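Here's the structure we're looking at; comments come further down.
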Amino acid sequence: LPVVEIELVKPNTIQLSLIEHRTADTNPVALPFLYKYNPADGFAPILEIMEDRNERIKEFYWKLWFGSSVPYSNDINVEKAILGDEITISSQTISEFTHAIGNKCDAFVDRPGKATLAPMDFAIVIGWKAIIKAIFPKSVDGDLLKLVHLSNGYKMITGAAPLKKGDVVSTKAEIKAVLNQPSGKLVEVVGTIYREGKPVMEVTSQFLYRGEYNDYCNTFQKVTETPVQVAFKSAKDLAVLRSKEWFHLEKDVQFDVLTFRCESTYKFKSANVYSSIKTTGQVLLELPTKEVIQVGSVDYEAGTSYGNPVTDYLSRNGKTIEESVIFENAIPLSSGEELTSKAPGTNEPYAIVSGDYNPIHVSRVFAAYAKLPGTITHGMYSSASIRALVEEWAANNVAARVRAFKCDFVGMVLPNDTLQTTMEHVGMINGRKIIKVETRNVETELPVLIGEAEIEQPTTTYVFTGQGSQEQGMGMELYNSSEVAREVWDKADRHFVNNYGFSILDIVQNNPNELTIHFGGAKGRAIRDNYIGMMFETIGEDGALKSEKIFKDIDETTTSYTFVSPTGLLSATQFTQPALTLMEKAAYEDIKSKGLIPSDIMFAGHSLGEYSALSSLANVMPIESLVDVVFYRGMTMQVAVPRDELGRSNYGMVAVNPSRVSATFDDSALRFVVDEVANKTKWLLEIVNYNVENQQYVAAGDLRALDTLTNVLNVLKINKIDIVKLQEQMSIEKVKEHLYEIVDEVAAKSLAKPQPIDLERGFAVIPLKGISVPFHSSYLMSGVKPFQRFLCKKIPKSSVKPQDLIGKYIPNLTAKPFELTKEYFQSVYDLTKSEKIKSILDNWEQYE
Amino acid sequence: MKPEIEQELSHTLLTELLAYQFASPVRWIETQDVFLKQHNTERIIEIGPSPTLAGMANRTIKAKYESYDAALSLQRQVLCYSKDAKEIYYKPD
């Protein structure tokens, strides 16, 4: 087919016409090039018609990118956004995008079943039509042949979902900047994408009219700022903010810090100096009890300025809300030859699927005319291939790692050329692990693509370690190696020293046998009345609710008090629990501003992910009233039952392990000890553990019933009379009296042995000791009155959000992703009972 | 559900857990079925002075999820803060 046509149209003028057949409507289009022949001067006999040349080029490119059907309108109003065209993402387009184009894996190949996976990089296919319409307007006048696509970027406002063959989405383009740099006009198009109203993707692209342009009246840059946080700590901050004439008072709360989400508008009169500045922005600062509501804005104008006061001020005080702190040293991610990619032999497939029919990519004559070396491949193709690459080689077949992707086309790639994309584990932002992506040609070594990868992992569960085995030096390595851990430990230590007369670091670092609080001057007496005032109000089991306060020893007369514990003070509840909450008060910590965060994290542990997992990932444990609450709870819980003369109660823990008796014992085989000891003996008992059931059963209660429950598995371990026969062979309802021999002997032998019992640690019985009050069962959350004294107050009632806590916690008191909404109400209400949520379950009132 | 209703629901039920989980039977069975089978966590991370759960997690993976991992080609990497500190922060030797 014709690709070049030189022809004499009218006397003495040439009409070199570059022909392009593969177009939007498969209709050949000519690109004229007027040329005055000069017989008079044979030294240079060909002058070129430079006037209207750019107009002709834009005419050609308009027919190419939009079709002959739509008329060419050079006049495009810059200020108004460029409307695209509402399309419907069909299954067909996703099925046939990939023939030689890129992403192929287990979910991107011809297989039966259901919806085939796809990448989001084909959002510019939706976008392209409107994005490129902002490089045409008369105000932005440039040579389209010399235009090079410089960069392209995608943002991650994830109101949407990945491609599922049937989405329905529209386009919305809007020009942001038209700069005049020494490289030429830098057109900035950040045309966003709407799926019925709600924005889905931002999609920023840069074009560069290579050359040199001096038109500065038609030059501007309306940049929108980020939520920039300033840094201050003083009362001079108010004075500084008042001194700023641009700022206007639109709030009534004290100032110490900003996090403005602003936006400005530049107008260049020369290379660097701005003809005018326009800034309107928004104002931000913290609100009451973590309960934030609406805010106000700002205003600013200028003229003939070398900078923007507002943005420079916000930056100068400090960096923005930066969820990206770069990791210390680099290691490889998928480096090697198993990350190399050969450029496609040709460019027509990606051109037809995407709609970019720029002949520079396909037509040899066009590429030669633009003086660039050969038909270079699409920058869009390279970006798409790399975005598919962040999911493909660094991952073991999971397609949930395709996200926001920033890219720039520093180099050029010829077709059928091999490229070594390097991907090194360097930076880190808020989950989407920043990895470099640099696509360098293998033989020239020059880079072509630069960006930062955002590859995820599958879901995970940050487990923890803690109560029940806690040792000396607990979490002191992080205390000595971390600034934030030092901060939290120091704050808690200062509060304990200033309010309770003991350092918690001293308890944790060098575990003492006993410690002495002293009640000295004003500080000491302000410490003493803390202990005087706080203590439980528990019903005495001899009548009604006995309103009482037992610290006993401490009163007005006493000037000291000694906390004593033989094995260790870190074993004592009042010091083991605050230490626990503090030592895991920092896990997310630096990964918080780093980005190692995998796909879906739940803060958990081994039933100690409710006291040490939910501040780094859930921020529930407030700041410093945490230690007060936990220490008060420790004391209240510790003196919740009558001690004897030697200081030990008739209550506690014991294990009744099923693994040792036989492999036969299962939930359908021995789930009877709990409801066959409480009913007759008229005691208190409930099983604490079947977490790893068929291998681990533990229980808590009054010590006699614990002995009775153990001497069921114990007596049926050396004799081995199966309970499967008792339960499923004959019947279930009828057999409610077979126990009244086999637990009767024990409910007698246990009384025969001395009342303070030290339960033996046998084969199928492995008690955990050092616990006096029965928790994890039914007497340390039952009628136990003053345990939830502080449960609708100081704790940040307004901070707790369903958004994170729902789904980002997994229930140890159930199973899968803890729903922290109505669905879970009767789970802490059946096996433990409650009265607090009876109201929310029944009395809903006026919640609407 | 409106955000303000569900935040009252939020704090109420979260207070209910923080009270009652410390006196209610722990059910780590289906939690294991979540981070091993149902939710498909291949990388599990533990932060603590000692690996108190890495060993027993390996025990359950071997005793219940060996053929399951072989069938679906899942390679589980268990990590702890005391020993596998280099793998958590991604610093190989």
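Cβ: placed from backbone, ideal geometry, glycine included. Neighbour counts: every protein chain shown. Rule-based calculations on the coordinates, nothing more; no lab input.
Before moving on, here are some points about what is shown:
- If you go through segment A:610-640 and pick out every residue that is within 23 Å of residue A:487 (Cβ to Cβ) and outside any helix (DSSP H, G or I), you end up with 14.
- Residue match in segment A:198-211 (condition: touching an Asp or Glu at 6+ places or on another chain (Cβ under 8 Å) and outside any strand (DSSP E or B)): yes
- For segment A:600-620, the candidate set comprises residues that are among the polar types (S, T, N, Q) and more than 9 Å from chain B (Cβ to nearest Cβ); within that set, the residue that is farthest from the chain's Cα centre (by Cα) is A:612.
- In segment A:836-848, of all residues being more than 8 Å from every other protein chain (Cβ to nearest Cβ) and assigned to a loop (DSSP other than H, G, I, E, B), the one that is farthest from residue A:684 (Cα to Cα) corresponds to A:846.
- When the test is whether a residue is away from chain B (no Cβ under 14 Å), touching a strand residue (DSSP E or B) at 6+ places or on another chain (Cβ under 8 Å) and surrounded by fewer than 20 Cβ atoms within 10 Å (Cβ to Cβ), residue A:357 does not pass it.
- Every residue from segment A:419-435 that is in a strand (DSSP E or B), among the charged types (D, E, K, R) and crowded, with 19+ Cβ neighbours inside 10 Å: A:433
- Residue within segment A:466-484 that is of a type in the set (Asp, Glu), touching a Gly at 6+ places or on another chain (Cβ under 8 Å), surrounded by fewer than 22 Cβ atoms within 10 Å (Cβ to Cβ) and closer than 17 Å to residue A:591 by Cβ present: no
- Scan of segment A:436-466 for residues that are touching a residue at least 40 places away in the same chain (Cβ under 8 Å) and part of a loop (DSSP other than H, G, I, E, B), ordered by number: A:442, A:456, A:457, A:458, A:459, A:465, A:466
- In segment A:638-656 there is at least one residue that is among the hydroxyl-bearing types (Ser, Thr, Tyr) and buried (at least 19 other Cβ atoms within 10 Å of the Cβ).
- Once segment B:76-85 is narrowed to residues that are more than 10 Å from chain A (Cβ to nearest Cβ) and in contact with an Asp or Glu (Cβ under 8 Å, 6 or more places away or on another chain), the residue that is farthest from residue B:36 (Cα to Cα) is B:77.
- Count - residues of segment A:645-670 that are more than 27 Å from residue A:755 (Cα to Cα), of a type outside the set (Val, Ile, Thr) and assigned to a loop (DSSP other than H, G, I, E, B): 6
- Flag for residue B:16 being more than 12 Å from the chain's Cα centre (by Cα), without any contact (Cβ under 8 Å) to a residue 40 or more places away in the chain, at the interface with another protein chain (Cβ under 7 Å from one of its Cβ atoms) and part of a helix (DSSP H, G or I): yes
- Of all residues in segment A:286-324, those being buried (at least 17 other Cβ atoms within 10 Å of the Cβ) and either part of a loop (DSSP other than H, G, I, E, B) or basic (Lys, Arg) (or both) number 3.
- Against the numbered list (1) more than 7 Å from chain A (Cβ to nearest Cβ); (2) of a type in the set (S, T, N, Q); (3) closer than 18 Å to residue A:691 by Cβ; (4) free of Cβ contacts under 8 Å to residues at least 12 places away in the same chain, residue B:73 comes up short only at (3).
- Residue check for residue A:312: of a type in the set (D, E, K, R) and free of Cβ contacts under 8 Å to residues at least 12 places away in the same chain: yes
- One residue alone among A:594, A:680 is of a type in the set (D, E, K, R), in contact with a strand residue (DSSP E or B) (Cβ under 8 Å, 6 or more places away or on another chain) and touching a residue at least 60 places away in the same chain (Cβ under 8 Å), and that residue is A:594.
- Qualifying residue in segment B:22-30 (condition: facing chain A (nearest Cβ under 8 Å), farther than 30 Å from residue A:841 by Cα, surrounded by fewer than 21 Cβ atoms within 10 Å (Cβ to Cβ) and not hydrophobic (A, V, I, L, M, F, W, C)): no
- So residue A:219, is it surrounded by 13 or more Cβ atoms within 10 Å (Cβ to Cβ), in contact with a strand residue (DSSP E or B) (Cβ under 6 Å, 6 or more places away or on another chain), touching a residue at least 24 places away in the same chain (Cβ under 8 Å) and closer than 30 Å to residue A:144 by Cα: yes
- Conditions (1) more than 23 Å from residue A:104 (Cα to Cα); (2) away from chain B (no Cβ under 14 Å); number of the one not met by residue A:387: (1)
- When we screen A:455, A:450, A:429 for residues that are closer than 29 Å to residue A:613 by Cβ, more than 14 Å from chain B (Cβ to nearest Cβ) and not basic (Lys, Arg), the only hit is A:429.
- The set of residues from segment A:819-835 being more than 7 Å from chain B (Cβ to nearest Cβ) and either touching a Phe, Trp or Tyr at 6+ places or on another chain (Cβ under 8 Å) or not in a helix (DSSP H, G or I) (or both) comprises A:819, A:829, A:830, A:833, A:835.
- Count of segment A:467-485 residues which are touching a residue at least 40 places away in the same chain (Cβ under 8 Å) and either in a loop (DSSP other than H, G, I, E, B) or within 8 Å of another protein chain (Cβ to nearest Cβ) (or both): 8
- Any chance residue A:652 is without any contact (Cβ under 8 Å) to a residue 24 or more places away in the chain and either polar (S, T, N, Q) or more than 30 Å from residue A:398 (Cα to Cα) (or both): no
- Selection count where residues are over 22 Å from residue A:338 (Cβ atoms) and in contact with a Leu (Cβ under 8 Å, 6 or more places away or on another chain), scope segment A:389-410: 3
- In a residue-by-residue description of segment B:35-55, the property of being closer than 19 Å to residue A:467 by Cβ, assigned to a helix (DSSP H, G or I) and more than 7 Å from every other protein chain (Cβ to nearest Cβ) applies to at least one position.
- Residue within segment A:57-66 that is more than 21 Å from residue A:366 (Cβ to Cβ) and surrounded by 12 or more Cβ atoms within 10 Å (Cβ to Cβ) present: no
- Filtered by the rule that a residue be out of contact with any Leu (no Cβ under 9 Å at 6 or more places or on another chain) and at the interface with chain B (Cβ under 8 Å from one of its Cβ atoms), segment A:771-783 gives A:775, A:776, A:780, A:781.
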